[PDB]
Amino acid sequence: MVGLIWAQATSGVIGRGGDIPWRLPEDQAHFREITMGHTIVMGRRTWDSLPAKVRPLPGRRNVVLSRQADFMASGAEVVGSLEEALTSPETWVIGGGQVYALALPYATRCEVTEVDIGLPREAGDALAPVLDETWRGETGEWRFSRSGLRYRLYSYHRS
Ligand SMILES: NC(=O)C1=CN([C@@H]2O[C@H](COP(=O)(O)OP(=O)(O)OC[C@H]3O[C@@H](n4cnc5c(N)ncnc54)[C@H](OP(=O)(O)O)[C@@H]3O)[C@@H](O)[C@H]2O)C=CC1
Ligand SMILES: Nc1nc(=O)c2c(CCc3ccc(C(=O)N[C@@H](CCC(=O)O)C(=O)O)cc3)c[nH]c2[nH]1
Ligand SMILES: [Co+2]
Numbered sequence: 033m034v035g036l037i038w039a040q041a042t043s044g045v046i047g048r049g050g051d052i053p054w055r056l057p058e059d060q061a062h063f064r065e066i067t068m069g070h071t072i073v074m075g076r077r078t079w080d081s082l083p084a085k086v087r088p089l090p091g092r093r094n095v096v097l098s099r100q101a102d103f104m105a106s107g108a109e110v111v112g113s114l115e116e117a118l119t120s121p122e123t124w125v126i127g128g129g130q131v132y133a134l135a136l137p138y139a140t141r142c143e144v145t146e147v148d149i150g151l152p153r154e155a156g157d158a159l160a161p162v163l164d165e166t167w168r169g170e171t172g173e174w175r176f177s178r179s180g181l182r183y184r185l186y187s188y189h190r191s
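Using this note's numbering, read the sequence shown as starting at 33 and increasing by one per residue.
In structure tokens, the structure reads:
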């Protein structure tokens, strides 16, 4: 099982300036619940975004994709191809934009948080992958985050 999990603005933006232009504690807790215990696979730029104290993310096999043969990620495995990362019953691809696009052909689940923020797409933004007709989606109800932004959870599945 390969799943993708991400949070996006309604525009599709997932990252900007190497970080994220929001933070919803409820979305982080949801991310923790879904990924805990499993393999998480991330691009090197997303590893760089992690604060030193949650590097590695605890209780998970942290895998970092890089073309740098000597890149060092203390507490993670660095691999040079996505296929090397897929050796566990449940693998969660946690981004960013480049790695979501690379992993989508392997994926059967997407757990999406839509953040009700009006954020036009700018050059250099990382974007969510586009999900074609093979993806069956189910939406949850809109929820208020204590951050003040509304959000809702989408669960996409395909065989
Ligand atoms: N809102 C959300 O849900 C999420 C947001 N983000 C945000 O997204 C942004 C980062 O996304 P993005 O910029 O797309 O960078 P990525 O996180 O996708 O990492 C890109 C890097 O991954 C490596 N990589 C990419 N393709 C391959 C390949 N085929 N083989 C080997 N290594 C590969 C390279 O590493 P190297 O350069 O070392 O070779 C490349 O520079 C940040 O802003 C981050 O905060 C990240 C995750 C989720
Ligand atoms: N839906 C979704 N939201 C995201 O933000 C995200 C990301 C961004 C990277 C990310 C995710 C969680 C935490 C982090 O700190 N995680 C902690 C939770 C800590 C807390 O609850 O405050 C963890 O242990 O997972 C730190 C960084 C990838 N895929 C995602 N998918
Ligand atoms: Co689980």
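By construction, the Cβ of each residue, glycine as well, lies at the ideal position given by its N, Cα and C atoms.
Go through its chain and collect everything with a Cβ distance to residue i's Cβ below 7 Å, but skip five positions before and after it.
i: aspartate 157; result: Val45, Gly47, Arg48
i: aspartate 51; result: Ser81
i: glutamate 146; result: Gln40, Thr42, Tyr183, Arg184, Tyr186
i: residue 193; result: Nothing can be reported for residue 193: it is not among the residues displayed for the chain, which extend from 33 to 191.
i: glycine 91; result: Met68, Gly69
i: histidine 189; result: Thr140, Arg141, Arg168
i: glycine 129; result: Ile46, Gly47, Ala158, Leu159
Across which residues does DSSP place residue i in a beta bridge pair?
i: residue 221; result: Absent from the model: residue 221. The displayed extent of the chain is 33 to 191, so no value can be given.
i: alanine 158; result: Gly47
i: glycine 169; result: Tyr188
Helix, strand or coil: how does DSSP classify residue i here?
i: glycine 47; result: strand
i: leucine 114; result: helix
What residue range is occupied by the uninterrupted beta strand (DSSP E) comprising residue i?
i: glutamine 100; result: Element bounds for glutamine 100: n/a, residue is neither H nor E.
i: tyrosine 186; result: 182-189
i: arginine 141; result: 141-147
i: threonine 123; result: 123-125
i: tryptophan 174; result: Premise fails: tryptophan 174 is in no beta strand (DSSP E) and is neither H nor E.
i: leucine 36; result: 34-41
Mind checking which residues open and close the alpha helix (DSSP H) that includes residue i?
i: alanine 135; result: 129-135
Within the same chain, show all residues whose beta-carbon is closer than 6 Å to that of residue i, passing over the 5 residues directly before and after it, in chain order.
i: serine 120; result: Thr71
i: residue 195; result: Nothing can be reported for residue 195, as the shown portion of the chain is limited to 33 through 191.
i: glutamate 154; result: none
I want to see whether chain D comes within less than 7 Å of residue i, judged by CB atoms only; does it?
i: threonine 171; result: Here chain D cannot be found, since the structure has a single protein chain.
* Secondary structure, beta strand (DSSP E): runs of 3+ residues fully inside the segment 54-94 -> The segment 54-94 contains these whole beta strand (DSSP E) runs: 71-75.
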